[PDB]
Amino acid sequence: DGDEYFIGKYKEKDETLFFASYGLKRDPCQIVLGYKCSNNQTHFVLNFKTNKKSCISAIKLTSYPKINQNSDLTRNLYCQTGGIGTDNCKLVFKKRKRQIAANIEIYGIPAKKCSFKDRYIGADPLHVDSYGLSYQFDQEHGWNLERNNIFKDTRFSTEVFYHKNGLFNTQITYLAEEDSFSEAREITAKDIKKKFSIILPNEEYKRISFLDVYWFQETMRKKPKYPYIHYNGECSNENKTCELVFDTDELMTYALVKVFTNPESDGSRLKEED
């Protein structure tokens, strides 16, 4: 009936922080409860902040009437500043011509227990990724396929970035089926910086075979400045631990690394593609 856009994943226990309605053609949009908003031919902006000790967990925008648009291939809703895992969001909606009204809902969790690990990891992390999509494997190497029906940019050779419902993804490097899911690690806003890193176990049984990396970040513009996520050197068999480096140009608000393991891997999986 409307068209629905999501940043983050709603869960039942989430508190309701804010909901409101906006006419998108109005000059100026009608401020609701002090949150500055604005309308344009091209943009709707809501400057939201919660003066309470909560983390934003999910934002949903529904627009009317329903139009023709596969939103999984675009990012028309995003936080220019703040976002998931913080108490603020400068919410940006890139509207289309026929879109004239919008309903906004914003959910949160206590800042004390600001963890999203469960809702993104789920029950079957081995076979289901953090988008709710099941890993799929090609017939030659048995390594995971590139997702086909969602937003994805490429940059430098080997760099592929995915976006769905506000959540970004990059994969280092290939998943194989006999790999097992070891643990998932999250960094929350209090541990995030322009450049930060985490240390992973890498000895014996827990030989890191594959990293599935997800994050939310601010984007100044519709096109994001993607981060440089990379091992600090090679993650070889002798390394007792492996350090993952997050070298960002735009600030991340929350990050989640799925750690897959395999004693049989040597750290390097490559196809004859060049």
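Quick note: we count residues from 1 along the sequence shown, nothing fancier.
- For the two regions 161 to 169 and 111 to 119, the entry's Cα B-factors average higher over 111 to 119.
- Higher mean CA B-factor, judged across 208 to 216 and 62 to 70 from the recorded values: 62 to 70.
- Going by the entry's values, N239 shows the largest Cα B-factor out of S38, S57, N47, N239.
- Across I106, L91, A102, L200, the entry's maximum B-factor at the CA atom is seen for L200.
- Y131: CA B factor in the lowest third of modelled residues in this chain (values from the PDB entry).
- In the PDB entry, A176 places in the highest third of its chain by CA B-factor.
- Ranked by Cα temperature factor within the chain, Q139 sits in the highest third according to the deposited record.
- Among all modelled residues in this chain, the alpha-carbon of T81 has a temperature factor (C-alpha) in the lowest third.
- Among the modelled residues of its chain, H43 has a C-alpha B-factor that falls in the lowest third, as given in the PDB entry.
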